[PDB]
Each structure stands twice: as structure tokens, then as C-alpha cells.
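Visitor: One structure coming up, written as C-alpha cells, with questions to follow.
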Amino acid sequence: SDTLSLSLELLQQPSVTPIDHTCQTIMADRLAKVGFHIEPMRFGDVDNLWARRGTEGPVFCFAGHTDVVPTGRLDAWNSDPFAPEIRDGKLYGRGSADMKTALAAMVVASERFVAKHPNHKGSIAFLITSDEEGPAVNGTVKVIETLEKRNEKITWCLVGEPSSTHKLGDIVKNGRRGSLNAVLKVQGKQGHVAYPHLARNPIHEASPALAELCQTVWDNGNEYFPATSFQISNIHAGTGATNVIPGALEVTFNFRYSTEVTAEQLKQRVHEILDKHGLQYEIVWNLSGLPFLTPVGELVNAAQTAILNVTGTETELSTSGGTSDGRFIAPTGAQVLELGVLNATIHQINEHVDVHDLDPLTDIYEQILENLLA
Amino acid sequence: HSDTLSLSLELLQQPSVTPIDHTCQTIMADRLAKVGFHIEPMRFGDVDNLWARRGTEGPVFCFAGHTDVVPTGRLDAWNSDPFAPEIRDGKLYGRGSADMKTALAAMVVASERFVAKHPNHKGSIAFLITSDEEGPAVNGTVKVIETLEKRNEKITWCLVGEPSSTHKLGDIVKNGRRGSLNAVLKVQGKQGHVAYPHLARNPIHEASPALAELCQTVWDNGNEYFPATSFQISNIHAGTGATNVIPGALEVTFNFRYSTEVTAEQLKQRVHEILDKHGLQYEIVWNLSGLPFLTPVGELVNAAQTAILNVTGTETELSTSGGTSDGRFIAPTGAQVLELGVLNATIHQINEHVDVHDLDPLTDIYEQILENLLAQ
Ligand SMILES: [Zn+2]
Ligand SMILES: [Zn+2]
Ligand SMILES: [Zn+2]
Ligand SMILES: [Zn+2]
Numbered sequence: 004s005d006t007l008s009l010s011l012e013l014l015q016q017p018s019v020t021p022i023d024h025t026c027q028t029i030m031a032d033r034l035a036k037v038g039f040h041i042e043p044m045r046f047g048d049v050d051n052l053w054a055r056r057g058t059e060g061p062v063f064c065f066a067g068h069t070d071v072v073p074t075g076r077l078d079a080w081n082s083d084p085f086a087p088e089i090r091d092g093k094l095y096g097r098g099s100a101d102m103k104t105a106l107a108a109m110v111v112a113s114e115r116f117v118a119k120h121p122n123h124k125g126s127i128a129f130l131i132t133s134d135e136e137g138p139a140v141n142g143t144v145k146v147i148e149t150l151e152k153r154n155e156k157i158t159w160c161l162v163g164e165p166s167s168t169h170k171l172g173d174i175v176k177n178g179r180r181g182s183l184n185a186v187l188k189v190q191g192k193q194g195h196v197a198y199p200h201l202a203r204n205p206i207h208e209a210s211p212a213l214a215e216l217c218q219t220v221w222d223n224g225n226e227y228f229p230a231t232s233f234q235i236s237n238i239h240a241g242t243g244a245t246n247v248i249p250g251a252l253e254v255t256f257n258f259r260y261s262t263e264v265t266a267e268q269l270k271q272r273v274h275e276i277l278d279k280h281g282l283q284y285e286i287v288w289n290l291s292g293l294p295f296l297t298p299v300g301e302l303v304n305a306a307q308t309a310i311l312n313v314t315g316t317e318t319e320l321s322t323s324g325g326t327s328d329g330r331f332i333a334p335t336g337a338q339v340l341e342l343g344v345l346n347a348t349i350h351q352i353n354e355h356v357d358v359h360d361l362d363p364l365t366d367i368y369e370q371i372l373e374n375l376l377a
Numbered sequence: 003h004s005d006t007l008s009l010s011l012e013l014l015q016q017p018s019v020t021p022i023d024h025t026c027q028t029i030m031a032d033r034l035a036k037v038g039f040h041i042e043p044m045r046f047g048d049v050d051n052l053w054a055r056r057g058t059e060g061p062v063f064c065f066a067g068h069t070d071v072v073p074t075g076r077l078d079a080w081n082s083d084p085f086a087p088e089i090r091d092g093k094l095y096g097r098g099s100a101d102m103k104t105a106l107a108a109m110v111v112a113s114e115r116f117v118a119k120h121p122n123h124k125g126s127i128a129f130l131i132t133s134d135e136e137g138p139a140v141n142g143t144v145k146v147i148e149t150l151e152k153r154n155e156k157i158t159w160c161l162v163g164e165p166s167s168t169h170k171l172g173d174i175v176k177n178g179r180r181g182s183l184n185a186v187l188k189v190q191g192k193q194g195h196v197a198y199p200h201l202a203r204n205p206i207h208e209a210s211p212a213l214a215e216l217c218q219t220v221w222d223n224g225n226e227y228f229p230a231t232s233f234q235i236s237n238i239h240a241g242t243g244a245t246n247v248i249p250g251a252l253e254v255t256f257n258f259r260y261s262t263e264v265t266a267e268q269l270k271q272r273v274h275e276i277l278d279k280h281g282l283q284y285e286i287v288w289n290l291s292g293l294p295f296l297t298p299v300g301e302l303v304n305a306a307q308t309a310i311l312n313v314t315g316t317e318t319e320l321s322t323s324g325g326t327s328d329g330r331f332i333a334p335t336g337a338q339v340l341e342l343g344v345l346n347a348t349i350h351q352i353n354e355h356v357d358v359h360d361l362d363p364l365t366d367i368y369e370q371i372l373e374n375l376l377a378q
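Quick note, the sequences are listed as chains B and A, same order.
Every number in the deposited numbering is 3 more than the matching position in the first sequence, counting from 1.
Every number in the deposited numbering is 2 more than the matching position in the second sequence, counting from 1.
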């Protein structure tokens, strides 16, 4: 499996956002040998790659990221997350599902495709970033900004995110809910634990609020998007002393919202709940991504037939899960479709992917090239 | 100008964050040694301790206290360096300025004056000082007492210099304290993607309602001797910093200051009862810092009431409120215990400070306590 060997090379590079750690170079060196122009695009602390074979339309673009989320408790892993290994037909390692394996399949499919169909029409392109998981202010958004400024349009973009639920290709995504982040800093007053009346415990004041937020029903979603969901990712207060009341509480949370609400409606409803609990705080909001929905067209069609032909599965469209760089690509007018491995273990400890899906996914991606460009 | 202020500054300049003594006990010993106190340093683990004693016969009066201070943190919220003591509009600012280096200084100066005035005093005077009172406190005063007890060296009266006062100097003295039970609760979740919560277990979400209940729970109503049991969460942590990752675990550090209406095992049983109710998967590591204690009202209280009234015109009042102290380790021996010090208004806070006008009076009080117990 050429996909497996390339997967391992990428998986061995520790690439926690926004580190690339040679990943885009490894890819570029492959692509450069099969007629792709290599155009790296550094933006601050982020590395990006625009690779393109052909100068005429239509333009098919494979999108993805080389960065991975933090590993977590290193002693909770059964094997080093940056030392990939197979164990009972399962490939373990951070990025094994989200999404270094897809990256590899896109490259091998591209190579195999160019070999059997060298005089194909249109162009094939790769838009790869090293900051998709984080702020994403210097990633794919800046690449698009550059492409748009020189009128370089993408017709079809297939983001190799892990779209599947139960079996490979059972789900493909043409849209996504929005993503709204917040860092809440609740102010109290540092003091002695045995003299709470002379202090303000932020953990105590915020408790009822966090409890309320966690149970609050935001919307019921709609026929295109699941309901808005609330999640607290981080919470911190205190430095260690058991007899000291902390002066502040930091709470980091996020909304994945449907088109039934706007970032502004959510913000206002959240301040309204914090005000209701008589809190003294400050929030720093950040709109990570807008809800988006691209049209169902030939990319969806090419993918329905490729999936059915490789796996015998009837795929189903969805906007579920997280979001992707498709939010920065969709505004250009390209049809966006996400297709990858199972998302069962993404961002989890002992993240893995079934080896039996690597070659199929590679084949699926190859056949999509054939249906759209030959 | 004040000898008490002067020594206060000297002690204050030493960054003695639990359990680093940073020469404080040496500063104190060098002075006590010049007025007949034998100096017996007792280092246990990484904790320094001082048993200083003048005399070999009873009764035995003991000044107790700690040189360690709670952490400062480079918060920048400090108007002046916490280990660079200074005065502003008659207030001495610095970490430990109230808890409790000013008292240490006052005890030493009172001892020096008492000895100069009454060289032929009866009984003995001793200082039992530790560098770990604010922390785990396993290698501190508890060990000194283990040592004294094993060689039948008994303390009659023990005056702890913790900041006992509420509004004005010596308005409150404490002969007892509530217990102190600590816990580090680790709620076990399952790390994952925030947008795929059904495939994970957010421990912050699960614990949220349980914590909320713990904060609103009525543990007891206390009694005529002790205020009601209080619960406080001191620290809470989950997640590395990523916004799209559900953390695998939540760590919650909390404490109970409890009355004699409940026992540590009763509290422990209700907490698990409440956590299990919310269907949490967790482990708790408990640590009993101190048992509730109440010593008898005797000669020491009488000497303190008199001393205080004569110095400030204030009638002190008994109490077991606030936190706890090393009296919890001295009380089991039979010593009458009484805590008397400066205001506790700013202890464990940023910009901790003490009203300078209380230093000389506190010193006079200590000296008079000595006079009322060991002179006539
Ligand atoms: Zn991804
Ligand atoms: Zn991800
Ligand atoms: Zn103290
Ligand atoms: Zn203290």
C-alpha cells in the first residue's frame, strides 16, 4: 500500500497546530514529479501549499491540513502518537484519521491518475494548510485570498476530512454549521478559603451559570443542519494552594450553530444568561467559521458513483460534525464536498483508522478524478 | 523606629513561600539566643522548625507561629513587590505582613523586653516556629510535638500569633478551630472532538450540576461553639488549551472547614453520595488537614483578656471562626491554646497589609501576657 507507506511518513512528523514539520515538503516532492507546480505560501506562523497540474479549467482541488490537535496525556496512549504502528488491522497515531491518511490517498490517487490518464482535461490542485484546527487566520483563508486576487478559480474542491460514520463513504458533506468561540473570564477576589465573606469565589458564582448553559436548548436545527450545540473545552482557576480562593475563572467554550441563529443572537443570549446570574466578567469572542452550504452538482454526482463502485454503498449528504476549510473555499463558488475515513476516533486518545479503508479511499479519490477529468 | 516594625521588615524581605524558611528562623534564633533561649532546630524533610526555650521548669509558656507564607504569583496586581515591604499612608504592605510575620516580630520583641524587665521570671518561655503551616504540614509543628511528647516536655499555655482580630486589635481571640478536610476530585470523562460529543464524555458538563449542588448544599448549622461547616472550591482544571477538543478529565480541589456537628467520614460519605447521584465516574484523594479542636478557658484567656483591655480598652471575645492553625497539633498535648494577632482582613489576598499603628500595641499585649502569667 503506497497510501500506507506515505501515511506513515506523514504520521511520523509531529505537526501540532500550526506546525507542518516537513509534511507539505514531503507532499510537494511527490507532486513535483508528476507535473505539479509547487507554490508554498508562508503567512506568519503558518505554512501553506498551492500545488497545481494544468493551466485550463475545470479545476479540481484536493484540500486538507497537515496539522493535528494536541495528543493529551502521553501516558494514556498505548503507543507513541507520533510513532505510528499497526495493531490488529488498525493504524494508531495522532492524525491517523484527522487527516494524514487522506492526504496520502489524495497524493497516490493523483499519481496513479496522471499515470493512466496523462492528457486529462482541466487542472488538478492541492490546497494544503498547517493551521486548520486552530485560529486559522493565516491558513487556507490567506491562500484563497491570493487565488481570488489573481482570478484563479476552483470548480470542484474535495476536502479529505473524515466524513464517514459507520463505513467508508456512507456520508459526504457539502456544508457545515458555523463555529463560534469564546473565552470567558469571570472576575472574583483572591482571598482565604476560611474567610469567603471577605472574597469572591468565581467558581462558586459561575457554577449555576455553566450548569444553565450546558442544559440550554439553542435551536432545533432545520432540514439542512443539526441543532446548535454548546461545549466547554477548557476551564481554569487557581494555582495550587488549597487555602486560597482564586481571583479569576477562565472558561473556554464553543457553539456549532445552524442557520436558525446568528453569531450575534448567540452572543446576546449568552450575555443575557451571565447577567442574570449577576456575574462580573469579560468575554472575547471569535467567529471561527460561518455556516455554509454549497450546491449539489457534478462533484456530488462523481462521488456518488465512485463510492458506490468501490464500496457498494449509497452515500448520503450531511452537514453534521465540525467544520472545515470548506468554509473558506465555498465563498469562491467552488462546489465543496468532504469525503474521508471514519470520524469515530478523531481528536481522541489512541486515534486510529482501519487499514482496510486506505486503498479503497485511494481508489475512490482516483475514480472521482476519472469521472470529472476523463 | 519601632523595634517590632524593624524586625517585621527584616522577616518580610525573606521570600519564605511554604516551605522555604529563607533564614527567618535564624533571624529569630539569633535574637532569642542573646536573651537565654536555647535554640534547637528541627529539620524534617524540607521543612525547618525551631524549638527555642528559656528555662527548664514549669509553667511553660509557648509562642507559636510559622515563617512560611502563601504564594504571591507574578500577578502584577501588586502595587509594590510583595517581598519588598513598604509603608503607604500608615499601612505596611507585603506578603505575610498580616499572616503572620508581624506577629512573629512582636513575639520576639515582647520576649526580649520581658526578659530584660523580669530576668528572675518563673517557668519557661518557648517558641515553636515552623516553615510549613500553610501547606501539607506533615513535616512541621506536628513533628516538633511528636518530639516533645516523646521526651515528656509539656507546654502549659500556647499563644499562637495568627491574625485573630476582625475589626480592631484583640477584639477576637480563638481557643478552638473548625476542622479542615481537603480533597482532589478527578472526574473521568473521555477525550474527543467538541463537534462529536456523543462519541466522547465531557467531564466539565457532567460535573457542572454536581458542583453546583455542592456549592448550594447545607452541611450543618454549626453550634454555639463553632460556625457552620463551609465548602469552597480552591482550584479547577480541564483541557490543554485547544478549542475543539473535549478534555478527558476534570480536576477539582475543594475544602471543608467543619464544625463538631459532623465528622470527616460523614462529609466524605455525603460527597460520594452526591457525586454517585449525578452518575459521575471519578476518584477522590482525601487529606484531613486538621481535626476540630476546642481547648479549655483558663489562665491564658484571663491573661489575654486583661492584657488586651489594658492596652486597647477593648473587651476581647472568644471564637473558633476563620481557618485553622498549628494549635490543632498543640491542643492534643493538653496545652491551653489561644490565638491572638492582627487583623485577618487581608490574609491570603493581593496587596496584603497591616495597620502600622497595631504593631507597638500588639507587642505590648504579648509582653503583658507574659507578665500576667510568669511574673506576678
Ligand atoms: Zn481535519
Ligand atoms: Zn480535527
Ligand atoms: Zn498563619
Ligand atoms: Zn495563612
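No residue lacks a Cβ here, since even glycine has one placed at the ideal position from N, Cα and C.
Taking beta-carbon pairs under 8 angstroms, can you tell me which members of the segment 220 to 238 of chain A lie near chain B?
Guide: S232, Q234, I235, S236, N237 and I238
Visitor: Find the residues of chain A that neighbour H195 (chain B), judging by a C-beta separation of less than 7 angstroms, and give them in chain order.
Guide: Taking the first sequence and counting its residues from 1, one reaches residue 195 (chain B) at position 192. The contacting residues are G325, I349 and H350.
Visitor: Since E301 (chain B) contacts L375 (chain B) with CB under 8 angstroms, what's their CB separation in whole angstroms?
Guide: Position 298 of the first sequence, counted from the start, is the residue given in the question as residue 301 (chain B). Position 372 of the first sequence, counted from the start, is the residue given in the question as residue 375 (chain B). At roughly 7 angstroms, the Cβ-Cβ gap stays under 8 angstroms, so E301 (chain B) and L375 (chain B) are in contact.
Visitor: Whose C-beta lies closer than 8 angstroms to the C-beta of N246 (chain B) among residues of the same chain, with five residues either side of it excluded?
Guide: For the purposes of this step, residue 246 (chain B) is taken as residue 243 along the first sequence, with counting starting at 1. So the qualifying residues of the chain are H195, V196 and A197.
Visitor: Under a CB-based cut-off of 9 angstroms, is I310 (chain B) close to chain A?
Guide: Reading the first sequence from its first residue, position 307 is the one you call residue 310 (chain B). Taking a beta-carbon distance threshold of 9 angstroms, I310 (chain B) does not count as an interface residue toward chain A.
Visitor: Do you know offhand how far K156 (chain B)'s Cα is from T335 (chain B)'s?
Guide: Walking along the first sequence from the start, residue 156 (chain B) turns up at place 153. Walking along the first sequence from the start, residue 335 (chain B) turns up at place 332. Going from the Cα of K156 (chain B) to the Cα of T335 (chain B) covers about 7 angstroms.
Visitor: When burial is assigned at 16 or more other CB atoms within 10 Å of the CB, is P121 (chain B) buried or exposed?
Guide: Taking the first sequence and counting its residues from 1, one reaches residue 121 (chain B) at position 118. Result: exposed.
Visitor: In this structure, how does DSSP classify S182 (chain B) when only helix, strand and coil are distinguished?
Guide: Here residue 182 (chain B) is taken as the residue at index 179 of the first sequence, counted from 1. Strand, per DSSP.
Visitor: Rounded to a whole number of angstroms, what is the C-alpha to C-alpha distance between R203 (chain A) and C26 (chain B)?
Guide: Residue 203 (chain A) sits at position 201 when you count from the first residue of the second sequence. Residue 26 (chain B) sits at position 23 when you count from the first residue of the first sequence. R203 (chain A) and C26 (chain B): Cα-Cα distance of roughly 32 angstroms.
Visitor: So the beta strand (DSSP E) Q283 (chain A) belongs to, where does it begin and stop?
Guide: Translated into the one-based positions of the second sequence, residue 283 (chain A) becomes position 281. Run containing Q283 (chain A): none; DSSP gives neither H nor E here.
Visitor: Please report how far the alpha carbon of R90 (chain A) lies from the alpha carbon of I286 (chain A), in whole angstroms.
Guide: Taking the first residue of the second sequence as position 1, residue 90 (chain A) is located at position 88. Taking the first residue of the second sequence as position 1, residue 286 (chain A) is located at position 284. Distance between the alpha carbons of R90 (chain A) and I286 (chain A) is about 45 angstroms.
Visitor: Give me every residue whose Cβ sits closer than 5 angstroms to any heavy atom of ligand 1, in chain order.
Guide: B:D101, B:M102 and B:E164
Visitor: Roughly how far, in whole angstroms, is the beta-carbon of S182 (chain A) from the beta-carbon of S291 (chain A), given that I think they are within contact range, below 8 angstroms?
Guide: Indexing the second sequence from 1 puts residue 182 (chain A) at position 180. Indexing the second sequence from 1 puts residue 291 (chain A) at position 289. Sure, about 4 angstroms apart at Cβ, within 8 angstroms.
Visitor: Go through the segment 172 to 250 of chain B residue by residue and report every complete run of the beta strand (DSSP E) that reaches 3 residues or more, in order.
Guide: 174 to 176, 181 to 190 and 232 to 240
Visitor: Within the same chain, show all residues whose beta-carbon is closer than 8 angstroms to that of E354 (chain B), passing over the 5 residues directly before and after it, in chain order.
Guide: Along the first sequence, one-based indexing puts residue 354 (chain B) at 351. If we look at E354 (chain B) and ignore the five residues flanking it on each side, its Cβ neighbours are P84, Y95, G96, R97, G98, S99, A100, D101 and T348.
Visitor: Just confirm the distance between the C-beta atoms of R179 (chain B) and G329 (chain B), as a whole number of angstroms; I'd bet it's less than 8 angstroms.
Guide: For the purposes of this step, residue 179 (chain B) is taken as residue 176 along the first sequence, with counting starting at 1. For the purposes of this step, residue 329 (chain B) is taken as residue 326 along the first sequence, with counting starting at 1. 6 angstroms between Cβ atoms; contact.
Visitor: Need the endpoints of the alpha helix (DSSP H) that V303 (chain B) sits in, please.
Guide: In the first sequence, residue 303 (chain B) corresponds to position 300, counting from 1. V303 (chain B) -> alpha helix (DSSP H) spans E301 to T314.
Visitor: With a Cβ-Cβ cutoff of 9 angstroms, do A185 (chain B) and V273 (chain B) count as a contact?
Guide: In the first sequence, the residue the question calls residue 185 (chain B) occupies position 182. In the first sequence, the residue the question calls residue 273 (chain B) occupies position 270. Contact flag set, yes.
Visitor: When Cβ atoms are compared, which residues of the segment 71 to 83 of chain A fall closer than 7 angstroms to chain B?
Guide: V72, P73 and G75
Visitor: Which of the residues in the segment 195 to 211 of chain A, read from start to end, lie with their CB under 8 angstroms from any CB of chain B?
Guide: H195, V196, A197, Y198, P199, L201, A202, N204, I206, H207, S210 and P211
Visitor: By how many angstroms is the C-alpha of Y368 (chain A) removed from the C-alpha of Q351 (chain A)?
Guide: Numbered from its first residue, the second sequence carries residue 351 (chain A) at position 349. Numbered from its first residue, the second sequence carries residue 368 (chain A) at position 366. Rounded to the nearest whole angstrom, the C-alpha separation of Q351 (chain A) and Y368 (chain A) is 26 angstroms.
Visitor: Can you tell me whether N141 (chain B) is buried or exposed, with buried defined as 16 or more other CB within 10 angstroms of its CB?
Guide: For the purposes of this step, residue 141 (chain B) is taken as residue 138 along the first sequence, with counting starting at 1. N141 (chain B) comes out buried.
Visitor: Compute the beta-carbon to beta-carbon distance between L282 (chain B) and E208 (chain B), rounded to the nearest angstrom, for a pair I have assumed lies under 8 angstroms.
Guide: Within the first sequence, numbered from 1, the residue matching residue 282 (chain B) stands at position 279. Within the first sequence, numbered from 1, the residue matching residue 208 (chain B) stands at position 205. Between the beta-carbon of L282 (chain B) and that of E208 (chain B) there is about 6 angstroms, and that keeps the pair under the 8 angstroms contact cut.
Visitor: Verify the contact flag: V19 (chain B), CB atom, against every heavy atom of ligand 2, threshold strictly below 8 angstroms.
Guide: In the first sequence, the residue the question calls residue 19 (chain B) occupies position 16. Every heavy atom of ligand 2 is 8 angstroms or more from the Cβ of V19 (chain B), so no.
Visitor: Does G191 (chain B) have its Cβ less than 9 angstroms from a Cβ in chain A?
Guide: Residue numbering aside, residue 191 (chain B) sits at position 188 when the first sequence is read from its first letter. With a threshold of 9 angstroms between beta carbons, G191 (chain B) makes no contact with chain A.
Visitor: Counting C-beta neighbours from all protein chains within 10 Å, is the total for residue 379 (chain B) 16 or more, i.e. buried, or is it exposed?
Guide: Absent from the structure is residue 379 (chain B), since the part of chain B shown begins at 4 and ends at 377.
Visitor: Identify, in the order they occur along the chain, each residue of the same chain with its Cβ nearer than 7 angstroms to the Cβ of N312 (chain A), setting aside the five sequence neighbours on each side.
Guide: To locate residue 312 (chain A), count along the second sequence from 1; it is residue 310. Counting only Cβ-Cβ distances below 7 angstroms, and skipping sequence neighbours, we find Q370.
Visitor: Just by C-beta distance, which residues in the segment 135 to 152 of chain B are closer than 8 angstroms to chain A?
Guide: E136 and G137
Visitor: At the level of alpha carbons, what is the spacing between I29 (chain A) and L13 (chain A)?
Guide: Translated into positions along the second sequence, residue 29 (chain A) becomes position 27. Translated into positions along the second sequence, residue 13 (chain A) becomes position 11. Rounded to the nearest angstrom, the two C-alpha atoms are 8 angstroms apart.
Visitor: Any beta carbon from chain B within less than 9 angstroms of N177 (chain A)'s own beta carbon?
Guide: Here residue 177 (chain A) refers to the residue found at position 175 of the second sequence. Cβ-Cβ to chain B under 9 angstroms: no for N177 (chain A).
Visitor: Check the DSSP bridge columns for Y95 (chain B) and list the partner residues they point to.
Guide: Within the first sequence, the letter at position 92 stands for residue 95 (chain B). Bridge partners of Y95 (chain B): B:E88 and B:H355.
Visitor: Considering only their Cβ atoms, is the gap separating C217 (chain A) from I238 (chain A) smaller than 9 angstroms?
Guide: If you number the second sequence from 1, residue 238 (chain A) lands on position 236. If you number the second sequence from 1, residue 217 (chain A) lands on position 215. Not closer than 9 angstroms, so no.
Visitor: Which whole-angstrom value describes the C-beta separation of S323 (chain A) and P294 (chain A), a residue pair presumed to lie in contact below a C-beta threshold of 8 angstroms?
Guide: Here residue 323 (chain A) corresponds to residue number 321 of the second sequence, with the count starting at 1. Here residue 294 (chain A) corresponds to residue number 292 of the second sequence, with the count starting at 1. With 8 angstroms as the limit, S323 (chain A) and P294 (chain A) do not qualify as a contact, their Cβ atoms being about 12 angstroms apart.
Visitor: Tell me the DSSP bridge mates of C64 (chain B)?
Guide: Numbered from its first residue, the first sequence carries residue 64 (chain B) at position 61. Looking at the DSSP assignment, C64 (chain B) forms a beta bridge with B:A128 and B:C160.
Visitor: Tell whether a beta-carbon distance below 9 angstroms holds between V110 (chain B) and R33 (chain B).
Guide: Locating residue 110 (chain B) in the first sequence gives position 107, counting from the first residue. Locating residue 33 (chain B) in the first sequence gives position 30, counting from the first residue. Result yes, Cβ atoms of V110 (chain B) and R33 (chain B) sit closer than 9 angstroms.
Visitor: Whole angstroms are fine: how far does the CA of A108 (chain B) sit from the CA of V117 (chain B)?
Guide: Position 114 of the first sequence holds residue 117 (chain B). Position 105 of the first sequence holds residue 108 (chain B). Their Cα atoms are separated by approximately 14 angstroms.
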